[PDB]
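The structure appears right after this line, and notes come after that.
Lettering follows sequence order; numbering is per chain, from 1. Basis for what follows: all heavy atoms, side chains included, without hydrogens, waters or symmetry-related copies.
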Amino acid sequence: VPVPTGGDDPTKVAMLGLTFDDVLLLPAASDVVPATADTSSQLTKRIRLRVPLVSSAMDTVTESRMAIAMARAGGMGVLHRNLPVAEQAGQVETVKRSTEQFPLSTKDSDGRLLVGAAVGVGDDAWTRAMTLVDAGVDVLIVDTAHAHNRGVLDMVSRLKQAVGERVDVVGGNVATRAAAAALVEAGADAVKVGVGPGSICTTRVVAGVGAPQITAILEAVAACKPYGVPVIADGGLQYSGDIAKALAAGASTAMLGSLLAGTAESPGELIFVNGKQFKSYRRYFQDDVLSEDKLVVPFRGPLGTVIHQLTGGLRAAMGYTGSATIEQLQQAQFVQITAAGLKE
Amino acid sequence: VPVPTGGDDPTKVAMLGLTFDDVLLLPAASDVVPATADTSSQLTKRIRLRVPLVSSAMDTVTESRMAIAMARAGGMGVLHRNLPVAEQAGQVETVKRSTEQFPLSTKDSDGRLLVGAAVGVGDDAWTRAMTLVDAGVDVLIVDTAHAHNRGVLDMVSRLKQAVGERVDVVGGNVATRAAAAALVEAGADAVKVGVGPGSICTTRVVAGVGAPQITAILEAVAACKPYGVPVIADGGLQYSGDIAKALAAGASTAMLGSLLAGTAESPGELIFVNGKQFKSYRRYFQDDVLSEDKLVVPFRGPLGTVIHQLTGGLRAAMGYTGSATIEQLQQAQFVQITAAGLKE
Amino acid sequence: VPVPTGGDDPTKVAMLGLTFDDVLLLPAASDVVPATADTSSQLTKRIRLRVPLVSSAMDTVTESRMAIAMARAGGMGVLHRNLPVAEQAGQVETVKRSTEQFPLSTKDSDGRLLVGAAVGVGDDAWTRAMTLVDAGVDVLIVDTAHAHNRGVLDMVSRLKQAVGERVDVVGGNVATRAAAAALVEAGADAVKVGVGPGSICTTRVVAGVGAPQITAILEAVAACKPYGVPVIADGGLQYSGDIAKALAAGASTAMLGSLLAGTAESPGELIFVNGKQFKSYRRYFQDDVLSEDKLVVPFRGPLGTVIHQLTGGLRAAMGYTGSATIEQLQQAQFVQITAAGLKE
Amino acid sequence: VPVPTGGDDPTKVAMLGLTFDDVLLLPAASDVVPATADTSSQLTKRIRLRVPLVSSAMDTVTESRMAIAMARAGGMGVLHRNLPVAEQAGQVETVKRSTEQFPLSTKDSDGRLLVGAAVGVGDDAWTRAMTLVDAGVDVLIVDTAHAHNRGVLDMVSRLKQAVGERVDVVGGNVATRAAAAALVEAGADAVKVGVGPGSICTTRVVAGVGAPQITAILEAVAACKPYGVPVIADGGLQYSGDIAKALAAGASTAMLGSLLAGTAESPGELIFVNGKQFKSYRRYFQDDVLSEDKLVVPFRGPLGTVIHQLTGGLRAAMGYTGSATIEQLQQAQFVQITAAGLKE
Amino acid sequence: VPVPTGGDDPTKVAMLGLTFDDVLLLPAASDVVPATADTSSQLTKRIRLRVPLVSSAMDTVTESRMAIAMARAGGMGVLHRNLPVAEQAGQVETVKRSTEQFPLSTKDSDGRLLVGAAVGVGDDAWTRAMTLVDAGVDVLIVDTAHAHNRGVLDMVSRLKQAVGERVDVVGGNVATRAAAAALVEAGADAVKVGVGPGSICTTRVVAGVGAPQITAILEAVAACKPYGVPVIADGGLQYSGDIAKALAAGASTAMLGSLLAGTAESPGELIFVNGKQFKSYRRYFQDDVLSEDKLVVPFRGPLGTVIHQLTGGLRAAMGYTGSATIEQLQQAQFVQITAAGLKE
């Protein structure tokens, strides 16, 4: 009767959490070559990206330059909200205003580049969202550290009722089936997934709170797939294999954070120090209560090489799993590996 | 028929022991912000602390200054016993004798700072305990390396019969359900949990004896919660998130040991050597036969910063789990992580 | 109802994969000494080797010299295909053209040294295979990074129909029971097993695809043993005991890759740099789309010492397990070890 | 139906092997103080040692000096057999010929120190054994790397029939229940347990053969306890906690190897090199076919300190587990720990 | 005819420069114990200290607290000039306003603590100097990276005219006999010596300019001693013996810079980072063209320990050389040591 791990409640330790390093993609029957594989995926219920990648809403990752360069690559960028409302609307306008050079460009019905913008929760967040919709934005991301909150669901529902006909609303980070179901019910066109996905992330060390990303994606997909809501895996990625694992676990799009922090298209002036290069950037807008920043970059080259490497890894995984589309890749199986398979 | 780990007795390997690094706190539906979360918790059945932290009864950790500081920070200190009875009684009196500076101060009916003292087993222990009770102590920790002993149980019963109306008697270190049940039947007002909780501690290396702390807390709480007896988790803490994990496992209070040894309020002279700072302290009282000393410090800044960081991590965990109170956090669920989740 | 690792599909995580370091060979009742143990084993259904070792079809590993040495040591070499068809046919002829020095030599009906050659898929692959068959090759390895493909299966069937009477056709790398079953139904005379078997190999990092080698061997042998088709374990070997583990898991032969790259008989000029020795080698033929090269040596002494050490370890394992033959060793039992057993 | 680790045979991976680091001793009800605990144990069915330790039959560990010093400590030493028959008999005579200084001395019925001698298998081994029995030895150890052999059982039975009335015969190293049962049936008065117990021992790396020591002791005890045959754990020990774990797993005596290799009482001349000290020793007798030596010391101080430390660890473990005797210690339970509990 | 170092001009390489590590003080006939040695020495022609130590005018070294502590230690402080004039005057007033605690205190005619203030060159420097004189400063240091300049000389002359009767005008950094003679002719009451004195200082690396401190002190003293003008050695110090070497080389007082930067009395908030302590300080006034800043801190305990160590080393040197007074030490001899005397 007593639980082998202690106590009498078998649900106290609810589950065993698997991360990216715990699982591998099992090869399956394949008639797919990497070059012809279709990597297109649903970012929202109405928006299909040519590349299933989205740069994150970080002040070190996505601005108007990064958003434009990402849209021309076939993905999309989400403008961070650590800047004034007028400045964010101006960067939205910069992306919107700005043939063979960029064949994969993701464009709206007017031929203008698609762009996303992040919003918090509150009246300031509401006026920011209305300004960004007035500025011609296409996707509104109600992004927070812990989106299983009444305020976040209320904001998502308010946006979906007010500006839902024109733009698509995305709910912030979740890690459980219940949170994803709540976001789906509130009317989110997409659900962003991941709470403390990194092994030694500040959330795990300081708060003792976390959820391994593979299991979180599996639960959120179980919640969201019946209603057709796409799932965007955000965090815990270290190599191009992790993107393939996240998409095969059920997610529709991957959100790139620290992998794009130091690129040329990322914001910041490039400077030279001690034989190497870094980025320099010479709060009020940091209103997320559970954010990592409350609890407590080296130059990385052009965005094109990083995107090419990640897409090549994705295509190789699709070839190994025999997936002609991302939808078929979401049906791939996993094999769990032991600690002996982790040792270098 | 044979056990998969060897032999024919299925109880030879009683259970699988979880430590702090084995588990993470899952996010849940939350309407709680870390700032307004209440961290009040029971130390004993009668005493409540506004901050669930207690300093360990170690010579390097807790003297009158550390006890006073810990009581002023919202917790409590337990004065060590590696010293003559007169000195310990004088330290108790010093703490007892010594409104906008310390709002969270723990107090007794007379408004004086709450304090605790450790006692052993025996005649010298009995006279020490009686003198401490006369001196005005509030908690007597009958502390041993192994409290599942007839002598310790009899001492707990004798102190409960003699001074149970004045002071609260806390039983020493146990690691199983049966030992905690024995201490509860002995009349203890709280149970201190942990026996070789550290990974490579001396008790595990020299004697081969220990118990992982999460499982030990779960078993002790299974023994104590039906009777309302609080559990004090002692040992194994490395980060602020470990406090949240221990509280969620069922412990009501966490005892702070190695984390407080080098702080300013800890006893010892602060000296400067080789560009660093250390503490100096320029046996007849180490009478415990199973004590770690029988089997065989750097400066760490103010106590206030350590307490503030620990409480910030705990409040972040409460905001993540949707726990308005410590009792709600004790009902939070764990996710067990693999080895891959521990990789830096 | 939910899977303990996430979601609702119990087959999403298909199985737990064991690598070589996960298992050890249990001792058993033995009357066999290592010296008189017989290490003869089937390479294919028709070809038997006196030493169950084969050199990998890699440019850095196997050319005419390495093939000749491997055949003289009791095993066989497989000539790589990263070169024009004329060069590979000439190397096959060189091996074929070239009694107390080499008693264990593997031979054909005419007494010449047995040799193998790798072929791809396609028209150039077909003409390469036909020219190699004319040149006198004995084994054609239809080698790909992913043999669970219609093209590879059709190539195997075509080669079996065309040159099945003269040469033996070995299907390339598979990692599951279903792929091995498909290759067996395609008519393959042996199945090569392993897809990203290394812990941190490029296939696992860039593509997220792989399979632990012990489990992959077990599944492939479950597919092949009822039909008598031998399994060649390829990749993941680090020690001589790994050969014994792979053989006991059901593989009949182990292919030697990275262990043979730096040896004297391996191709390349032996040069001296910085007080050490290395090998030098002063693409149109790397046509495999899923090859490791698309996703992105030190000197090691004579081959004879490496082979002698490997065979000594294997013979010691056979003496420990009471295995007079390789077929008996394939029935040996494993003990699974924890992480603590891997600690240096 | 298919096995989750691969294949269709559920007994292919027979068991999960636990080592010393995998388990800890759970504290139990205790009325035992370390100083009064009885550490006496059965070395054989007729020989009870005052200290449950036996120095190993290694050329770097036990000679006449080490055997005498061990017998005076309350244990016993086993003379190694890597020396001439006449020399081993002479060292037996040296031990036999050579009040308050050594109260714990283990003596025969004549008051002479007890000593053990190792023998191989064969006619040379038989004449050596007869010489050693003629020399007044008390224990004959038929010691081999893999004692589950017809020759070893035949030698044990021959010795038990010929000289069984005077001396006690011990069977060599086993790791399974079947081997221990075979040794018991053949007539062994004690069974030595352990085959490749070390994590990175040569047997595991080279041969891929091994058995974690805790599970091996459990199985061998399950085989030997009903008939009253003592089990001697040999190998895998690194600290005094491991001796307690081995005895609590069911073994009656521990065999000390590398822990005593560099002591003063160990053979060899003490020399000074480069600011430290080592031992110097300025084959025909190495006839064990499966021995570690076939597959491929720093000074450690006085024996008394090492024996005192190991015995103190044992007594502390007995106090924690509440064992008044070694027989009661053999009833202690284990708790299994995860990888997170191994990290320093 | 040619110079052995190149060319035809023997004055191109003027002289060989000796640093502190090049020389050692030779023992001499002595009847002086360190305790009774007198360390009183001239700072300027009019002001005598009891300990010949002065804190440098750096914004990380000397503010009001450091100046007060230095004056109470028997020396004097020189306030940095990197701040508005009013703030520097306020610091001077704070020092001047602020009996057994500080027996060595340096005082003025009115019994207030002595203090110094740094001034630059120019009109703003003129008004700063006048305001500082009004505030009650005792020494004005006309400090520059290169004092052999007509502007610095004219500033010294103007200050010696206007406020020479009241304050002592100390000329800034020189490194040759000619510059020291120019400062003496300008009317400087003391001469500060050192220009790129450190081995790998920024002045030596970026500009290639410098002068070893022992030789520079010797030349400056050759210029100044015939006129009774004291020399302040400023830079190059690493150990307490360097102070004695500088004094014996002819300097009357040593200026303490980097050695006092991290002390408690130095300006800056003491912060705790990564288990250590550092200092924090949460340009228009850096108007010196040749200053080190134009060419391009850890905690150190109390000031008293550093002063005590330096004075103990100096007293030991005085006892070794037979120097009852600092002026006698200025007559001590040196032995030049080779590179072999520097090897650790």
Side-chain angles (χ1 to χ4, degrees), chain C residues 38-58 61-81 83-119 125-143 155-156 158-172 187-192 228-230 232 252-256 260 265-267 303-304 307 311 325-326:
Chain C
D38 182 12
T39 60
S40 182
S41 194
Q42 296 305 129
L43 178 63
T44 69
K45 299 193 294 176
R46 298 190 295 225
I47 291 167
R48 198 173 176 87
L49 310 181
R50 285 182 69 99
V51 171
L53 302 172
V54 164
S55 79
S56 69
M58 297 172 43
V61 175
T62 311
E63 281 212 322
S64 56
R65 192 184 179 202
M66 169 62 74
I68 284 157
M70 210 75 192
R72 285 170 178 178
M76 188 191 293
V78 177
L79 298 167
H80 75 90
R81 64 176 175 102
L83 79 179
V85 180
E87 297 202 33
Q88 206 186 22
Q91 288 193 21
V92 167
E93 290 185 332
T94 299
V95 177
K96 294 301 292 182
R97 293 183 321 239
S98 183
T99 63
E100 299 196 322
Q101 290 196 338
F102 309 117
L104 307 178
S105 292
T106 55
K107 289 168 168 174
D108 48 15
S109 60
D110 319 337
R112 294 179 286 167
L113 306 186
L114 288 171
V115 73
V119 300
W126 184 254
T127 181
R128 180 180 291 275
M130 298 316 300
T131 304
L132 292 166
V133 170
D134 273 352
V137 83
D138 315 280
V139 198
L140 281 178
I141 316 296
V142 192
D143 70 321
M155 190 73 170
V156 169
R158 281 177 69 200
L159 287 170
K160 188 63 184 274
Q161 184 273 324
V163 299
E165 291 198 3
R166 295 196 290 276
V167 317
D168 298 53
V169 187
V170 171
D189 305 315
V191 165
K192 198 149 70 102
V229 183
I232 305 163
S252 297
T253 290
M255 186 168 280
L256 303 180
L260 300 191
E265 285 84 353
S266 85
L303 171 65
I307 302 301
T311 310
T325 63
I326 298 302

Do [X] and [Y] have side-chain heavy atoms sitting under 4.5 Å apart?
X	Y	answer
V169(C)	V142(C)	yes
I326(C)	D38(C)	no
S98(C)	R72(C)	yes

Quick one: does any side-chain atom of [X] pair with a main-chain N or O of [Y] as donor and acceptor, under 3.5 Å?
X	Y	result
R46(C)	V167(C)	yes
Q42(C)	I47(C)	yes
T62(C)	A57(C)	no
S40(C)	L49(C)	yes
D138(C)	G116(C)	no
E265(C)	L303(C)	yes

Measure the spacing between [atom1] of [X] and [atom2] of [Y] and express it to the nearest 0.5 Å.
X	Y	atom1	atom2	value
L132(C)	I141(C)	CG	CD1	11.5 Å
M66(C)	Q91(C)	CE	CD	12.5 Å
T106(C)	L43(C)	OG1	CG	9.0 Å
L114(C)	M76(C)	CG	CE	4.0 Å
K160(C)	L140(C)	NZ	CG	12.5 Å

What heavy-atom pair brings [X] and [Y] nearest, and what distance separates the two atoms?
X	Y	answer
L113(C)	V95(C)	CB-O, 4.2 Å
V163(C)	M130(C)	CG1-CE, 3.8 Å
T44(C)	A190(C)	CG2-CB, 4.1 Å
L256(C)	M70(C)	CD1-CE, 3.6 Å
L260(C)	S55(C)	CD1-CB, 4.0 Å
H80(C)	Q88(C)	O-NE2, 2.8 Å

Before giving the answer on side chain to side chain donor-acceptor pair (under 3.5 Å), spell out for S64(C) and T94(C) the whole-Å C-alpha distance, their side-chain angles and the decisive distance to 0.1 Å. CA-CA 6 Å; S64(C) 56; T94(C) 299; 5.3 Å; no

Could you walk me through whether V139(C) and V78(C) pass the side chain to side chain contact (heavy atoms under 4.5 Å, CB included) check? CA-CA 8 Å; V139(C) 198; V78(C) 177; 5.8 Å; no

Between the side chains of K96(C) and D110(C), is the shortest nitrogen-to-carboxylate-oxygen separation below 4.0 Å, so that they form an ion pair?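 Between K96(C) and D110(C) there is no salt bridge, as every charged N stays at least 4.0 Å from the carboxylate O atoms.
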
Hey, mind stepping through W126(C) and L159(C) against side chain to side chain contact (heavy atoms under 4.5 Å, CB included) and telling me if it holds? CA-CA 8 Å; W126(C) 184 254; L159(C) 287 170; 3.6 Å; yes

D168(C) vs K45(C), test: side chain to side chain contact (heavy atoms under 4.5 Å, CB included). Steps then yes/no. CA-CA 8 Å; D168(C) 298 53; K45(C) 299 193 294 176; 5.6 Å; no

